[PDB]
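So the structure is just underneath, and the comments pick up after that.
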Amino acid sequence: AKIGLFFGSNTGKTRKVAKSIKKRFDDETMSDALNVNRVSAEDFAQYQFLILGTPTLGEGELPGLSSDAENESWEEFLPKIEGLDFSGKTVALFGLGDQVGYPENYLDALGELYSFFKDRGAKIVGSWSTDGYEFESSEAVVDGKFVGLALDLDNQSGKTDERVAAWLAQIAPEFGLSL
Ligand SMILES: Cc1cc2nc3c(=O)[nH]c(=O)nc-3n(C[C@H](O)[C@H](O)[C@H](O)COP(=O)(O)O)c2cc1C
């Protein structure tokens with residue numbers, strides 16, 4: 002495929018969303034939703050376009066063994082690609098979180114994921130408005146706007162489809178989609 006779709010998940014929501022995204026694209030436009038659990042750093046570097054999802058766990062951290070995820074995830078995968086350069090590549094990020102139970106850490110993992118690739122020279126697209134969200138602070142917020150799509154299936158499952166469709170429409174030009 003042309004667009005690499007990757008995600009990290011412990012209870013399956015981020016995965017659900019990922020498959021939802023891939024639901025509207027070709028097996029030539031986008032690859033299947035893949036868990037970083039089984040991705041080779043070699044297989045990940047091949048994509049010049051990336052769509053990445055991640056929830057935020059224990060202590061506003063990325064899912065992984067330190068955050069008590071059942072199996073490995075973003076935390077352990079990042080070190081495998083930290084030596085990779087993303088200059089000239091395009092990335093879009095989407096995070097899930099619970100704004101009610103974690104008003105001061107809503108989507109922090111998204112923030113950390115943002116920096117990883119941003120620090121690598123990647124072109125990042127898909128900033129999202131904070132309107133419609135109840136939270137106090139987020140490390141995923143830069144200049145009063147989310148660095149990637151903000152989702153909450155714990156308290157706002159009702160707006161997921163609406164949010165996801167609009168976000169896709171928003172990033173389409175940057176991913177050479179006809180959308
Ligand atoms: C121990 C625990 C800690 C969490 N901490 C945060 C947090 O700091 N910030 C946040 O925005 N969401 C937090 N969440 C919410 C999850 O990220 C959210 O439920 C998500 O939908 C789970 O995604 P998953 O099914 O892909 O694992 C936390 C959830 C659990 C169980």
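Per full-length UniProt numbering, residue 2 is the first one in the sequence shown, and the count goes up by one each step.
Backbone N, C-alpha and C fix where the C-beta goes; we use that ideal spot for every residue, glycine too.
Separation of residue j from residue i, as counted between CA atoms
{"i": "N36", "j": "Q49", "result": "18 Å"}
{"i": "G112", "j": "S139", "result": "8 Å"}
{"i": "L152", "j": "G96", "result": "6 Å"}
{"i": "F87", "j": "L150", "result": "20 Å"}
{"i": "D109", "j": "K119", "result": "15 Å"}
{"i": "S158", "j": "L79", "result": "28 Å"}
{"i": "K90", "j": "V126", "result": "11 Å"}
{"i": "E73", "j": "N38", "result": "6 Å"}
{"i": "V165", "j": "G102", "result": "22 Å"}
{"i": "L114", "j": "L94", "result": "8 Å"}
{"i": "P174", "j": "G84", "result": "29 Å"}
{"i": "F26", "j": "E77", "result": "29 Å"}
{"i": "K17", "j": "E163", "result": "15 Å"}
Same chain only: Cβ atoms within 8 Å of residue i, ignoring 5 sequence neighbours per side
{"i": "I82", "result": "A42, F45 and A46"}
{"i": "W75", "result": "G9, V37, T55, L63, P64, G65, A110 and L114"}
{"i": "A167", "result": "none"}
{"i": "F117", "result": "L79 and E83"}
{"i": "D28", "result": "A2"}
{"i": "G177", "result": "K3 and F50"}
Proximal residues to residue i (C-beta, below 7 Å), its chain only, five neighbours per side dropped
{"i": "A19", "result": "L6, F8, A34 and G54"}
{"i": "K23", "result": "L6, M31, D33 and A34"}
{"i": "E105", "result": "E137 and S138"}
Inter-residue CB distance, residue i and residue j (contact presumed, cutoff 8 Å)
{"i": "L169", "j": "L180", "result": "7 Å"}
{"i": "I4", "j": "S21", "result": "In fact, because the Cβ distance is near 15 Å, the residues do not count as touching under 8 Å."}
{"i": "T161", "j": "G145", "result": "About 23 Å separates the two Cβ atoms, so there is no contact after all."}
{"i": "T30", "j": "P56", "result": "With a Cβ gap of about 25 Å, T30 and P56 do not count as contacting."}
{"i": "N156", "j": "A70", "result": "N156 to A70, Cβ: 21 Å. No contact."}
Residue i - DSSP class collapsed to helix/strand/coil
{"i": "residue 226", "result": "Absent from the structure is residue 226, since the part of the chain shown begins at 2 and ends at 180."}
{"i": "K23", "result": "helix"}
{"i": "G5", "result": "strand"}
{"i": "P104", "result": "coil"}
{"i": "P56", "result": "strand"}
{"i": "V148", "result": "coil"}
{"i": "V165", "result": "helix"}
{"i": "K119", "result": "helix"}
{"i": "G96", "result": "strand"}
{"i": "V143", "result": "coil"}
{"i": "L51", "result": "strand"}
{"i": "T15", "result": "helix"}
{"i": "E135", "result": "coil"}
Contacts around residue i, its chain only, beta-carbon distance under 6 Å, and the 5 residues preceding and following it disregarded
{"i": "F147", "result": "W129 and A141"}
{"i": "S68", "result": "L58, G59 and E62"}
{"i": "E135", "result": "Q100"}
{"i": "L51", "result": "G5 and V92"}
{"i": "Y107", "result": "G98, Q100, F136 and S139"}
{"i": "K124", "result": "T91"}
Residue i CB to nearest heavy atom of ligand 3 below 7 Å
{"i": "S21", "result": "As presented, the structure is devoid of ligand 3, carrying ligand 1 as its sole ligands."}
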